[PDB]
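J.: so I've got this experimental structure, pasted below with the sequence.
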Amino acid sequence: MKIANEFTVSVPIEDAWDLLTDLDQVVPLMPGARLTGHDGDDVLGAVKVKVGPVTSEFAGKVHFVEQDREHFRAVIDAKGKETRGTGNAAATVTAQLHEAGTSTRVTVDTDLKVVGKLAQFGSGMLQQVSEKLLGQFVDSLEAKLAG
């Protein structure tokens, strides 16, 4: 399924690129996510996803497929296995940065596959979930930049 998001960050595009190409900075800002380690250059982490009373936690790895600085575009592959029971999630996330003067506009297009309990939520629901979670990521990221 396809999920599409957009947000703006209060730093110029060069700064935004350095922050968003740094998974050690991005992963801890994501709601429910934690960095657990590293595997080569890749980041190991886990994310607890809560939709109403349904909770799934996925543990796995985040890896850059591509970093195109000349176009300010990055492709990230994230995969995780459910920690209880049988399930897994996999995302290919394409992030594109755009100049906005003192700020930077970020478009995020995700190809998401979910297997198991969380697959009961369709793309309309998961698009709405993604918007809520992205709002928290932006809030946490702006709180960090202020400090």
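T.: Everything's here; your move. Numbering: from 1, shown residues only.
J.: which parts of this protein are strands?
T.: Taking DSSP state E, the strands of the chain run over residues 2-9, 33-39, 42-51, 54-68, 73-82, 88-100, 103-115.
J.: do you know which of those lies nearest residue 130?
T.: strand 2-9 (4.9 Å; Cβ to Cβ). For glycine as for every other residue, the C-beta is placed from the backbone atoms N, C-alpha and C.
J.: packing partners for that closest one?
T.: strand 103-115, helix 123-146 (3 or more Cβ pairs under 8 Å, 6 or more residues apart in numbering; DSSP states H and E).
J.: strand partners of that strand, parallel vs antiparallel please.
T.: strand 103-115 (antiparallel) (DSSP bridges).
J.: give the buried residues for the partner strand.
T.: 104, 106, 108, 110, 112, 114 (16 or more other Cβ atoms under 10 Å).
J.: tell me the centre residue of this structure?
T.: residue 30 (6.7 Å; Cα atoms, centre = their mean).
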